[PDB]
Structure formats: C-alpha cells, structure tokens
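Note sheet for the following structure.
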Amino acid sequence: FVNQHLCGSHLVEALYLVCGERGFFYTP
Amino acid sequence: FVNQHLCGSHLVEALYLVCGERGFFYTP
Amino acid sequence: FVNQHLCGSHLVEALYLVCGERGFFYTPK
Amino acid sequence: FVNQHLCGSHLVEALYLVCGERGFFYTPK
Amino acid sequence: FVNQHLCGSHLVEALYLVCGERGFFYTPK
Amino acid sequence: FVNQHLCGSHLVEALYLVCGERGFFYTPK
Amino acid sequence: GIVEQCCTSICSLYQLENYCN
Amino acid sequence: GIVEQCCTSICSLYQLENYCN
Amino acid sequence: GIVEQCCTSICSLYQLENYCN
Amino acid sequence: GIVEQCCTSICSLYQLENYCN
Amino acid sequence: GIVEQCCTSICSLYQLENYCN
Amino acid sequence: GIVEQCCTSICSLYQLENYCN
Ligand SMILES: Oc1cccc(O)c1
Ligand SMILES: Oc1cccc(O)c1
Ligand SMILES: Oc1cccc(O)c1
Ligand SMILES: Oc1cccc(O)c1
Ligand SMILES: Oc1cccc(O)c1
Ligand SMILES: Oc1cccc(O)c1
Ligand SMILES: [Zn+2]
Ligand SMILES: [Zn+2]
C-alpha cells in the first residue's frame with residue numbers, strides 16, 4: 001500500500017548513504 | 001565532490017519513483 | 001500516527017518531479 | 001541547470017511544511 | 001510498520017527548517 | 001548561495017540514519 | 001482530491017501527472 | 001519527547017521550536 | 001517568482017509563506 | 001525482500017549493507 | 001554514467017527511465 | 001563545525017557518527 005511505497009523511498013536514501021562508492025541495486 | 005553527492009541523493013529518489021516495480025541499479 | 005501527513009510530503013516531491021516547470025498547486029483539503 | 005532543479009525540490013518541501021492545510025502554488029515560471 | 005522510524009526522518013528535516021541558525025537537538029530516547 | 005542550506009538538509013537526514021536511537025545535536029555555527 | 005486519491009492507493013507518476021498544471 | 005508528541009499527532013511549527021537549541 | 005527570490009539566497013519560512021494558497 | 005525485511009521492523013545500516021553491490 | 005549525464009544538465013523522467021532495470 | 005567539515009567535503013559514515021550522542 002502507500003506505507004510500503006513511502007518506506008521504499010527511505011530505503012533507497014539509506015542504501016545511497018551506506019553503500020557509498022559501492023553503489024546498490026534496488027527492487028521492491 | 002559535495003555537488004555530485006547531493007545530486008546523487010536526488011537521482012536515486014527520482015529513479016525510485018520512475019522505475020517503480022522494475023527497480024534499478026545505482027553505481028555511481 | 002502521522003502517515004497521511006507524511007504521505008503528503010512524499011506526494012509533493014513526486015509532483016515536483018513529474019510536473020517539472022509546469023508547476024502545480026497543492027490543495028490538501 | 002541542476003542546481004536550480006535541486007533548489008526547487010527543497011522549496012516544495014519547505015512550502016509543504018510552512019503552508020499546512022492551505023497548501024501552496026509552485027510556479028517556477 | 002516502521003511508523004516512528006520514518007516519522008523521525010521527517011521530524012529532523014522539519015526541525016532543520018524551523019530552527020534555522022539555532023540548530024536543534026534530536027533526542028528520541 | 002543556498003548551497004550550504006541545501007547541504008545541511010541532507011546532512012541532518014544522514015545524521016538521523018547514522019545515529020539511530022542515540023540522536024544528535026545539530027549546531028550549524 | 002489528491003490526498004484521498006493518492007495517499008489511499010499509490011498513484012503512478014503518470015497518474016500524478018494528472019494533477020500538474 | 002518529540003517522538004511521543006509529534007509522531008502521535010502532527011506538531012505545529014511552534015511545537016517543533018521547543019526542540020531548537 | 002520563488003526561484004528568483006529563494007534559490008539565490010536563503011528564504012525564511014515566513015518569506016516562503018508568500019507562496020501558500 | 002527488502003520491503004518485507006525492513007519496512008516491518010527497523011534495519012540497521014549494517015543490515016542494509018547487505019544490499020550494496 | 002548517470003552522475004556525468006544527469007548532474008549538470010537536468011535529466012528528464014524519460015532519460016532517467018533508461019537507468020531502470 | 002559540522003557544516004565546515006561535512007559541507008566542504010563529503011563526510012564518511014564514520015565522520016558523521018562522531019556527531020551522534
Ligand atoms: O501515491 C503516492 C503517494 C506519495 C508519493 C507517490 O509517489 C505516490
Ligand atoms: O508532527 C510532525 C512529524 C513530522 C513532520 C512534521 O512537520 C510534524
Ligand atoms: O531559500 C530556500 C531554498 C530552498 C529551501 C528553503 O527552505 C529555502
Ligand atoms: O528499516 C528501514 C526502513 C527505511 C529506512 C531505513 O534506514 C531503515
Ligand atoms: O538531472 C537530475 C538530477 C537530479 C534529479 C533529477 O530528477 C534529475
Ligand atoms: O558530508 C555529507 C553531507 C551531506 C550528506 C552526507 O551523507 C554527507
Ligand atoms: Zn517518509
Ligand atoms: Zn538536495
């Protein structure tokens with residue numbers, strides 16, 4: 001639902017921060 | 001550089017929204 | 001809880017991205 | 001210009017905050 | 001759902017904008 | 001320019017995620 | 001309105017486009 | 001604290017200012 | 001407009017309120 | 001997946017490291 | 001890459017769509 | 001302080017953590 005959509009936005013932000021130069025793949 | 005770092009934050013958020021269920025890779 | 005309020009925050013960011021220089025009004029009520 | 005693009009994203013967030021139930025008009029021209 | 005975790009993320013952004021030059025303290029616990 | 005202002009918004013969101021339940025003090029100057 | 005439509009169900013970017021100027 | 005006050009209901013800007021330095 | 005007023009120097013929330021409905 | 005793992009309870013940044021390339 | 005392409009001139013949603021899986 | 005350290009150059013996670021309580 002909307003909660004999970006909003007959560008995913010925050011996940012990608014966190015992954016961006018933690019992964020640094022490694023980068024990341026995201027999939028719901 | 002800080003420029004690019006802050007740009008990337010916004011890029012990943014945009015990719016999150018554009019790619020939806022498909023997901024995405026970030027490299028930078 | 002404040003999920004609807006926080007949904008709004010995300011909604012306007014998405015509107016910003018989609019509308020581009022079209023701009024938009026946001027009228028939550 | 002990317003700097004202006006990123007500025008607008010932050011403007012919309014601040015408008016959402018300060019405007020509350022009124023909402024806002026984002027009209028970048 | 002991670003209600004409070006996502007709430008906090010928004011709270012710090014709001015505090016950032018409201019507080020300005022004062023800065024703020026975020027003490028959730 | 002507003003660069004530092006925009007940077008600060010990202011800084012606090014990063015501090016939020018890094019610090020977790022510990023929280024943090026943001027004192028920009 | 002938009003909150004009723006898009007905070008209850010996820011609106012795609014295309015659907016959100018429907019609310020632009 | 002701020003989480004109890006402002007994650008339960010929406011805090012006004014004046015309420016949030018209690019947490020400024 | 002907002003971009004001219006507020007992307008070149010920092011606008012306060014009170015200044016930004018001029019763009020509320 | 002990540003949504004089931006990390007939207008149902010909080011994932012630490014260390015846990016999130018698992019999703020990096 | 002995306003930073004190179006996307007980070008001085010604005011990339012459209014269409015252009016960004018190229019970076020999706 | 002933090003603005004000078006972390007907005008002049010990108011701070012690592014470690015450098016950020018220094019600022020936590
Ligand atoms: O339906 C929604 C609500 C919030 C953000 C978004 O991209 C879509
Ligand atoms: O009560 C709240 C929670 C999050 C953001 C905000 O502006 C107010
Ligand atoms: O002048 C500005 C520009 C962007 C966000 C903000 O809160 C103020
Ligand atoms: O469990 C989560 C969910 C979203 C962002 C985050 O940093 C952690
Ligand atoms: O070119 C860009 C840079 C950042 C976000 C975006 O939507 C486009
Ligand atoms: O130095 C910084 C500034 C902003 C966000 C971040 O993760 C690091
Ligand atoms: Zn959110
Ligand atoms: Zn930004």
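Following the order of the structure tokens, chains are lettered A, B, ..., residues in each are numbered from 1, and ligands are numbered from 1.
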Inset, instruction - For ligand 8, collect every residue having any atom at a distance of at most 7 Å from a ligand atom (counting only C-alpha atoms and all ligand atoms); output as a PyMOL selection string. - result: (chain B and resi 6-7+9-10) or (chain D and resi 6-7+10) or (chain F and resi 6-7+10)
Legend entry - Selection within 6 Å of ligand 6 by only C-alpha atoms and all ligand atoms, output as an MDAnalysis selection string: (chainID A and resid 17) or (chainID F and resid 7 10:11 14) or (chainID L and resid 6:7 9:11)
Please list as a PDB file with N, CA, C and O atoms, in the first residue's frame every residue within 9 Å of residue 20 in chain I, counting only C-alpha atoms and excluding residues in the same chain fewer than 5 positions away.
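Below is the file part.pdb, written as the result:
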```pdb
ATOM      1  N   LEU D  15       7.679  24.566   1.487  1.00  0.00           N
ATOM      2  CA  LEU D  15       6.303  25.049   1.295  1.00  0.00           C
ATOM      3  C   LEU D  15       5.304  24.099   1.949  1.00  0.00           C
ATOM      4  O   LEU D  15       4.365  24.539   2.602  1.00  0.00           O
ATOM      5  N   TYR D  16       5.541  22.798   1.816  1.00  0.00           N
ATOM      6  CA  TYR D  16       4.625  21.818   2.401  1.00  0.00           C
ATOM      7  C   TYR D  16       4.551  22.013   3.912  1.00  0.00           C
ATOM      8  O   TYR D  16       3.469  22.019   4.524  1.00  0.00           O
ATOM      9  N   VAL D  18       5.517  24.856   5.805  1.00  0.00           N
ATOM     10  CA  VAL D  18       5.039  26.131   6.339  1.00  0.00           C
ATOM     11  C   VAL D  18       3.556  26.390   5.994  1.00  0.00           C
ATOM     12  O   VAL D  18       2.826  27.051   6.742  1.00  0.00           O
ATOM     13  N   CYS D  19       3.091  25.842   4.881  1.00  0.00           N
ATOM     14  CA  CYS D  19       1.736  26.159   4.405  1.00  0.00           C
ATOM     15  C   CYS D  19       0.607  25.333   5.061  1.00  0.00           C
ATOM     16  O   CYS D  19      -0.558  25.771   5.113  1.00  0.00           O
ATOM     17  N   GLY D  20       0.948  24.152   5.551  1.00  0.00           N
ATOM     18  CA  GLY D  20      -0.043  23.282   6.209  1.00  0.00           C
ATOM     19  C   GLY D  20      -1.264  23.030   5.330  1.00  0.00           C
ATOM     20  O   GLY D  20      -1.127  22.750   4.134  1.00  0.00           O
ATOM     21  N   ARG D  22      -3.402  24.894   4.067  1.00  0.00           N
ATOM     22  CA  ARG D  22      -3.588  25.818   2.939  1.00  0.00           C
ATOM     23  C   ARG D  22      -3.075  25.211   1.656  1.00  0.00           C
ATOM     24  O   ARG D  22      -3.665  25.400   0.583  1.00  0.00           O
ATOM     25  N   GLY D  23      -1.953  24.499   1.761  1.00  0.00           N
ATOM     26  CA  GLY D  23      -1.215  24.104   0.573  1.00  0.00           C
ATOM     27  C   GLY D  23      -0.553  25.305  -0.076  1.00  0.00           C
ATOM     28  O   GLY D  23      -0.459  26.387   0.517  1.00  0.00           O
ATOM     29  N   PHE D  24      -0.075  25.116  -1.300  1.00  0.00           N
ATOM     30  CA  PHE D  24       0.760  26.128  -1.920  1.00  0.00           C
ATOM     31  C   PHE D  24       0.648  26.080  -3.441  1.00  0.00           C
ATOM     32  O   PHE D  24       0.058  25.143  -4.015  1.00  0.00           O
ATOM     33  N   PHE D  25       1.208  27.101  -4.073  1.00  0.00           N
ATOM     34  CA  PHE D  25       1.396  27.105  -5.515  1.00  0.00           C
ATOM     35  C   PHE D  25       2.876  27.120  -5.814  1.00  0.00           C
ATOM     36  O   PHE D  25       3.598  28.020  -5.360  1.00  0.00           O
ATOM     37  N   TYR D  26       3.343  26.109  -6.544  1.00  0.00           N
ATOM     38  CA  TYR D  26       4.716  26.118  -7.002  1.00  0.00           C
ATOM     39  C   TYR D  26       4.718  26.438  -8.486  1.00  0.00           C
ATOM     40  O   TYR D  26       4.361  25.599  -9.301  1.00  0.00           O
TER      41      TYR D  26
END
```
Please provide chain C as a short mmCIF file (atom, residue, chain, number, x, y, z; two decimals) with C-alpha atoms, in the first residue's frame, once it has been superposed on chain F by least squares across all sequentially paired Cα atoms.
```
data_model
loop_
_atom_site.label_atom_id
_atom_site.label_comp_id
_atom_site.auth_asym_id
_atom_site.auth_seq_id
_atom_site.Cartn_x
_atom_site.Cartn_y
_atom_site.Cartn_z
CA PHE C 1 23.05 30.46 -3.96
CA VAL C 2 21.91 28.35 -1.02
CA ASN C 3 24.10 25.21 -1.42
CA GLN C 4 25.51 25.37 2.15
CA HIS C 5 21.95 25.69 3.56
CA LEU C 6 20.82 22.76 1.44
CA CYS C 7 23.90 20.72 2.41
CA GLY C 8 22.68 21.15 6.03
CA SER C 9 19.28 19.65 5.12
CA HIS C 10 20.98 16.57 3.71
CA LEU C 11 23.46 16.41 6.62
CA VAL C 12 20.76 16.14 9.24
CA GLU C 13 19.00 13.38 7.29
CA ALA C 14 22.29 11.47 7.16
CA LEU C 15 22.84 12.08 10.89
CA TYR C 16 19.33 10.79 11.52
CA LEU C 17 20.13 7.56 9.67
CA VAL C 18 23.54 7.04 11.25
CA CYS C 19 22.81 7.98 14.81
CA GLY C 20 19.56 5.95 15.07
CA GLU C 21 18.11 6.15 18.57
CA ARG C 22 21.43 7.67 19.76
CA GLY C 23 19.99 10.94 18.51
CA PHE C 24 22.23 13.91 17.95
CA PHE C 25 22.51 17.62 18.47
CA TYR C 26 22.78 19.75 15.39
CA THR C 27 24.63 23.02 16.05
CA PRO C 28 25.29 24.66 12.63
CA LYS C 29 27.36 27.57 13.96
#
```
Fit chain A to chain B, all Cα atoms paired in order, least squares. Then write it as a PDB file with N, CA and C atoms, in the first residue's frame.
```
ATOM      1  N   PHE A   1      32.681  16.164  -5.956  1.00  0.00           N
ATOM      2  CA  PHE A   1      32.727  16.979  -4.705  1.00  0.00           C
ATOM      3  C   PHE A   1      31.366  16.793  -4.029  1.00  0.00           C
ATOM      4  N   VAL A   2      31.074  17.784  -3.121  1.00  0.00           N
ATOM      5  CA  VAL A   2      29.803  17.670  -2.392  1.00  0.00           C
ATOM      6  C   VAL A   2      28.605  17.787  -3.353  1.00  0.00           C
ATOM      7  N   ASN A   3      28.661  18.710  -4.320  1.00  0.00           N
ATOM      8  CA  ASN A   3      27.545  18.840  -5.285  1.00  0.00           C
ATOM      9  C   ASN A   3      27.088  17.502  -5.886  1.00  0.00           C
ATOM     10  N   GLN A   4      28.055  16.717  -6.330  1.00  0.00           N
ATOM     11  CA  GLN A   4      27.747  15.465  -6.993  1.00  0.00           C
ATOM     12  C   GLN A   4      27.179  14.449  -6.006  1.00  0.00           C
ATOM     13  N   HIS A   5      27.711  14.438  -4.787  1.00  0.00           N
ATOM     14  CA  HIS A   5      27.125  13.629  -3.708  1.00  0.00           C
ATOM     15  C   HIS A   5      25.658  13.998  -3.444  1.00  0.00           C
ATOM     16  N   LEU A   6      25.361  15.298  -3.419  1.00  0.00           N
ATOM     17  CA  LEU A   6      23.979  15.708  -3.153  1.00  0.00           C
ATOM     18  C   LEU A   6      23.101  15.315  -4.341  1.00  0.00           C
ATOM     19  N   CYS A   7      23.614  15.541  -5.543  1.00  0.00           N
ATOM     20  CA  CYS A   7      22.898  15.190  -6.758  1.00  0.00           C
ATOM     21  C   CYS A   7      22.534  13.702  -6.776  1.00  0.00           C
ATOM     22  N   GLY A   8      23.473  12.855  -6.357  1.00  0.00           N
ATOM     23  CA  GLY A   8      23.229  11.405  -6.372  1.00  0.00           C
ATOM     24  C   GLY A   8      22.049  11.017  -5.489  1.00  0.00           C
ATOM     25  N   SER A   9      21.899  11.689  -4.339  1.00  0.00           N
ATOM     26  CA  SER A   9      20.749  11.465  -3.458  1.00  0.00           C
ATOM     27  C   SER A   9      19.446  11.702  -4.207  1.00  0.00           C
ATOM     28  N   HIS A  10      19.409  12.799  -4.953  1.00  0.00           N
ATOM     29  CA  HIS A  10      18.219  13.120  -5.737  1.00  0.00           C
ATOM     30  C   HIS A  10      17.971  12.164  -6.898  1.00  0.00           C
ATOM     31  N   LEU A  11      19.046  11.737  -7.557  1.00  0.00           N
ATOM     32  CA  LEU A  11      18.955  10.725  -8.609  1.00  0.00           C
ATOM     33  C   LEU A  11      18.297   9.439  -8.120  1.00  0.00           C
ATOM     34  N   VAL A  12      18.715   8.961  -6.953  1.00  0.00           N
ATOM     35  CA  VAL A  12      18.174   7.707  -6.438  1.00  0.00           C
ATOM     36  C   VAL A  12      16.677   7.858  -6.122  1.00  0.00           C
ATOM     37  N   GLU A  13      16.297   9.018  -5.587  1.00  0.00           N
ATOM     38  CA  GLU A  13      14.894   9.349  -5.335  1.00  0.00           C
ATOM     39  C   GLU A  13      14.111   9.301  -6.657  1.00  0.00           C
ATOM     40  N   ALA A  14      14.645   9.949  -7.691  1.00  0.00           N
ATOM     41  CA  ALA A  14      13.977   9.967  -9.003  1.00  0.00           C
ATOM     42  C   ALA A  14      13.838   8.567  -9.616  1.00  0.00           C
ATOM     43  N   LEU A  15      14.891   7.767  -9.504  1.00  0.00           N
ATOM     44  CA  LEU A  15      14.913   6.407 -10.042  1.00  0.00           C
ATOM     45  C   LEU A  15      13.878   5.551  -9.316  1.00  0.00           C
ATOM     46  N   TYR A  16      13.814   5.699  -7.996  1.00  0.00           N
ATOM     47  CA  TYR A  16      12.794   5.029  -7.187  1.00  0.00           C
ATOM     48  C   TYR A  16      11.392   5.321  -7.713  1.00  0.00           C
ATOM     49  N   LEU A  17      11.138   6.594  -7.985  1.00  0.00           N
ATOM     50  CA  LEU A  17       9.829   7.062  -8.467  1.00  0.00           C
ATOM     51  C   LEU A  17       9.535   6.546  -9.882  1.00  0.00           C
ATOM     52  N   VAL A  18      10.484   6.722 -10.788  1.00  0.00           N
ATOM     53  CA  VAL A  18      10.216   6.412 -12.194  1.00  0.00           C
ATOM     54  C   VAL A  18      10.185   4.898 -12.459  1.00  0.00           C
ATOM     55  N   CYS A  19      11.014   4.142 -11.747  1.00  0.00           N
ATOM     56  CA  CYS A  19      11.201   2.730 -12.103  1.00  0.00           C
ATOM     57  C   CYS A  19      10.078   1.854 -11.559  1.00  0.00           C
ATOM     58  N   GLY A  20       9.434   2.332 -10.496  1.00  0.00           N
ATOM     59  CA  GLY A  20       8.365   1.596  -9.828  1.00  0.00           C
ATOM     60  C   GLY A  20       8.761   0.153  -9.551  1.00  0.00           C
ATOM     61  N   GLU A  21       7.921  -0.778 -10.001  1.00  0.00           N
ATOM     62  CA  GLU A  21       8.105  -2.198  -9.704  1.00  0.00           C
ATOM     63  C   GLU A  21       9.302  -2.834 -10.402  1.00  0.00           C
ATOM     64  N   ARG A  22       9.811  -2.167 -11.437  1.00  0.00           N
ATOM     65  CA  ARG A  22      10.995  -2.631 -12.154  1.00  0.00           C
ATOM     66  C   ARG A  22      12.235  -2.620 -11.281  1.00  0.00           C
ATOM     67  N   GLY A  23      12.315  -1.637 -10.386  1.00  0.00           N
ATOM     68  CA  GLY A  23      13.519  -1.430  -9.604  1.00  0.00           C
ATOM     69  C   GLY A  23      14.619  -0.816 -10.451  1.00  0.00           C
ATOM     70  N   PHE A  24      15.815  -0.748  -9.877  1.00  0.00           N
ATOM     71  CA  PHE A  24      16.927  -0.065 -10.521  1.00  0.00           C
ATOM     72  C   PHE A  24      18.249  -0.444  -9.876  1.00  0.00           C
ATOM     73  N   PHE A  25      19.315  -0.261 -10.633  1.00  0.00           N
ATOM     74  CA  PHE A  25      20.648  -0.386 -10.099  1.00  0.00           C
ATOM     75  C   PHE A  25      21.217   1.022 -10.101  1.00  0.00           C
ATOM     76  N   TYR A  26      21.886   1.395  -9.015  1.00  0.00           N
ATOM     77  CA  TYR A  26      22.599   2.667  -8.979  1.00  0.00           C
ATOM     78  C   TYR A  26      24.101   2.463  -8.769  1.00  0.00           C
ATOM     79  N   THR A  27      24.912   3.156  -9.572  1.00  0.00           N
ATOM     80  CA  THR A  27      26.366   3.274  -9.340  1.00  0.00           C
ATOM     81  C   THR A  27      26.897   4.660  -9.713  1.00  0.00           C
ATOM     82  N   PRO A  28      27.683   5.287  -8.815  1.00  0.00           N
ATOM     83  CA  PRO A  28      28.310   6.577  -9.158  1.00  0.00           C
ATOM     84  C   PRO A  28      29.361   6.433 -10.262  1.00  0.00           C
TER      85      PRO A  28
END
```
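Here CA of residue 13 in chain L stands at a distance of 24.9 Å from CA of residue 1 in chain J.
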Residues of chain K in helix (DSSP H, G or I) according to DSSP, as a PDB file with N, CA, C and O atoms, in the first residue's frame?
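File written: result_16.pdb
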```
ATOM      1  N   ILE K   2      25.310   8.001 -14.884  1.00  0.00           N
ATOM      2  CA  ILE K   2      24.181   8.854 -14.517  1.00  0.00           C
ATOM      3  C   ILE K   2      24.620  10.186 -13.899  1.00  0.00           C
ATOM      4  O   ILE K   2      24.030  11.233 -14.187  1.00  0.00           O
ATOM      5  N   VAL K   3      25.664  10.145 -13.072  1.00  0.00           N
ATOM      6  CA  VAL K   3      26.179  11.366 -12.435  1.00  0.00           C
ATOM      7  C   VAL K   3      26.719  12.330 -13.487  1.00  0.00           C
ATOM      8  O   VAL K   3      26.396  13.522 -13.481  1.00  0.00           O
ATOM      9  N   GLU K   4      27.527  11.790 -14.395  1.00  0.00           N
ATOM     10  CA  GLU K   4      28.086  12.531 -15.505  1.00  0.00           C
ATOM     11  C   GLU K   4      26.986  13.156 -16.365  1.00  0.00           C
ATOM     12  O   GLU K   4      27.049  14.340 -16.673  1.00  0.00           O
ATOM     13  N   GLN K   5      25.988  12.371 -16.719  1.00  0.00           N
ATOM     14  CA  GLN K   5      24.935  12.767 -17.632  1.00  0.00           C
ATOM     15  C   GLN K   5      23.945  13.727 -16.974  1.00  0.00           C
ATOM     16  O   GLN K   5      23.438  14.585 -17.590  1.00  0.00           O
ATOM     17  N   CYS K   6      23.702  13.524 -15.683  1.00  0.00           N
ATOM     18  CA  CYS K   6      22.428  13.887 -15.076  1.00  0.00           C
ATOM     19  C   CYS K   6      22.597  15.033 -14.082  1.00  0.00           C
ATOM     20  O   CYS K   6      21.632  15.471 -13.456  1.00  0.00           O
ATOM     21  N   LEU K  13      12.397  12.584 -16.934  1.00  0.00           N
ATOM     22  CA  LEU K  13      11.935  11.294 -16.416  1.00  0.00           C
ATOM     23  C   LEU K  13      12.172  10.216 -17.458  1.00  0.00           C
ATOM     24  O   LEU K  13      12.580   9.107 -17.120  1.00  0.00           O
ATOM     25  N   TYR K  14      11.937  10.558 -18.729  1.00  0.00           N
ATOM     26  CA  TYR K  14      12.216   9.659 -19.839  1.00  0.00           C
ATOM     27  C   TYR K  14      13.690   9.242 -19.849  1.00  0.00           C
ATOM     28  O   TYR K  14      13.994   8.050 -19.887  1.00  0.00           O
ATOM     29  N   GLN K  15      14.589  10.230 -19.792  1.00  0.00           N
ATOM     30  CA  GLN K  15      16.032   9.993 -19.724  1.00  0.00           C
ATOM     31  C   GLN K  15      16.443   9.149 -18.527  1.00  0.00           C
ATOM     32  O   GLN K  15      17.282   8.257 -18.647  1.00  0.00           O
ATOM     33  N   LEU K  16      15.870   9.452 -17.361  1.00  0.00           N
ATOM     34  CA  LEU K  16      16.123   8.652 -16.173  1.00  0.00           C
ATOM     35  C   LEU K  16      15.637   7.216 -16.326  1.00  0.00           C
ATOM     36  O   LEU K  16      16.259   6.301 -15.791  1.00  0.00           O
ATOM     37  N   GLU K  17      14.536   7.034 -17.062  1.00  0.00           N
ATOM     38  CA  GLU K  17      13.920   5.717 -17.276  1.00  0.00           C
ATOM     39  C   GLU K  17      14.898   4.724 -17.908  1.00  0.00           C
ATOM     40  O   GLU K  17      14.776   3.511 -17.730  1.00  0.00           O
TER      41      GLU K  17
END
```
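The gap separating atom 8 (C, counted along the ligand's line) of ligand 3 from CA of residue 8 in chain I is 9.5 Å, in Å to one decimal.
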